[PDB]
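Okay, so here's just one chain, in structure tokens, the form deposited in one PDB entry.
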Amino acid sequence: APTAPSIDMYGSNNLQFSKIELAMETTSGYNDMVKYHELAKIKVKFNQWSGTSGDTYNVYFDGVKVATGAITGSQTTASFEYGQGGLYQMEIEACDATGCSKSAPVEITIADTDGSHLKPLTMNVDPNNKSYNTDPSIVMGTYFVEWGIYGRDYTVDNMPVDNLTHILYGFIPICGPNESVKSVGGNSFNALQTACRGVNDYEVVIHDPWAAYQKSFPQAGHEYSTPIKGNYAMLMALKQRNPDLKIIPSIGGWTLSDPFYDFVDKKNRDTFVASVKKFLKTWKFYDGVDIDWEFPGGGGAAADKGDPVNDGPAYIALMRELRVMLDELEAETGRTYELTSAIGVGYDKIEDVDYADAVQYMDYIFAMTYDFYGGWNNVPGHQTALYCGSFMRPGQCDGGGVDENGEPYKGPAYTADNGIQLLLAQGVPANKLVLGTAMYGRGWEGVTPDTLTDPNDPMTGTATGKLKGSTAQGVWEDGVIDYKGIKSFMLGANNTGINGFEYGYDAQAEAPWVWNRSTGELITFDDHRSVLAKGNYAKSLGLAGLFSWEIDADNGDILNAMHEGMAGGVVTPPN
């Protein structure tokens, strides 16, 4: 028989192959950093220094023949292509008329972006997240943010994945007009300019490739030379752990919506929709797309954008077009892909889209039932309440009243039920609506007791400015605090108030607050009681389930309450 191939490990890239090439020590244009191949090019060098070399080689993976070719003397390079990622025991055999001889087996890795080469992720979840057996039909969603790995120090293996059905990954930008991103300060706008160098406008990119795929996480067993790293390799390894988990990129958001206003021109939608198909072929762990345009008709971060007449028809077309695209991917892959969107729920946002037409294309609508009130002005109110609070005036709830100056309210007040009912009344199915819960508070200072028109209700006061605090307190920007900061700095363990805050609850709105009467610090948020009330409301109306913004800011209490409030419930999944 021929001499047995001896595999040259260092001559064959120590048997590490990747279907994706990712730039690792530089930051450039997305199309210069990211190259994906349908088949990996496998090249394995071997030698046969003694004896006869033979005529032909065969490559085996786990005992099955995957490639064959000619022997070239004493040194041969086996070159072939292979589509399926994984870890395999490879053997190379040499054959001639006399017989065949084979190398010892050695493990080959073929990386792919479904995580098929990876073991299930090792988790490191705060043990305050409890276990439940919520019915699998119910959505339990949340947003994980790409930048949460910096100061917030919250990584993929921290998520309580067994308690989630959907992870929306916040956020994928669209190249093009993006002045709103300058409002975050720091390097975010300039990072986007780098990502978009050499990329056509209206195509998606990764905003932060360091966080997405370059940074080595030692808890995920990453090495500097590991071919895929960052949050994306962790999400791949999470999907190996929990294969029924849906991981969906979220396009847009508050700061990254400015390009959507140009989707009134179909040409820009076509560019966008093709890029999203490419994106999902590249990054196979994703299961669909979520569109967070804030908002058709305007009222988002860009004060100079928004077309009430045209943006709704654009949104609907987008959804129509994205669904055609996703149907192509389902044909190509055999997989099921979801199309969703987070939407505003004020009456003036919902009136700009004919959702009866859009929703036919969509699996879920994540109703943004939060940010109703906040530190952008000095008017207290409940930011995430189901119903109208005590603080509201006669006829403010349904919009038929007049304000304190005698001016007509222009529509119903901002509450979760006013927006859910406006969506239902136009024919959006209940079982496609997902109700939002807040893992953060918004707040004010200067709401001192002398400013209240009703002394029992700090939501009848007036502020002097936004809540201020430090990042250790969960205050990453003025007027906004993580729920785990409210719990550590205002509620305490027994939920009865610390540091001069008192707890209160508006039983008519279903909305909690904490109030320090000395500093006039007032914070509106969601707590155990209000999130049980959202679960009971969702069960009562047959909504699809609950989602939350943002998972790093919880300590387990809010996600636990989402599940508790859903106990016993089942729902019909949309077809």
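Numbers for residues come from their place in the sequence shown, where the first is 1.
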task: Check the entry's C-alpha temperature factors for 349-357 and 390-398, then say which stretch has the higher mean.
output: 390-398
task: Between 444-452 and 240-248, name whichever shows the higher mean Cα B factor according to the PDB entry.
output: 444-452
- request: Name the residue from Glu510, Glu521, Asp62, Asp527 with the greatest C-alpha temperature factor listed in the entry.
  value: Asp62
- prompt: Between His207, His382, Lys277, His117, which one tops the list for C-alpha B-factor in the PDB entry?
  reply: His117
query: According to the PDB entry, is the CA B factor of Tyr57 in the bottom, middle or top third of its chain, that is, lowest, middle or highest?
result: highest
- request: Could you say whether, by C-alpha temperature factor, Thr27 belongs to the lowest, middle or highest third of its chain?
  value: highest
statement: Of the three thirds of the chain ranked by Cα temperature factor, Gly11 occupies the highest
- request: Taking the values exactly as deposited, rank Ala561 by C-alpha B-factor within its chain and report the matching third: lowest, middle or highest.
  value: lowest
- line: Quick tally, chain-level thirds of C-alpha B-factors: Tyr132 sits in the highest
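Keep in mind the form deposited in another entry is missing from the figure; the text below concerns it.
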message: Of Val514, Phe17, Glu93, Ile149, which is at the hinge where one rigid part rotates against the other between this form and the one not shown?
response: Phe17
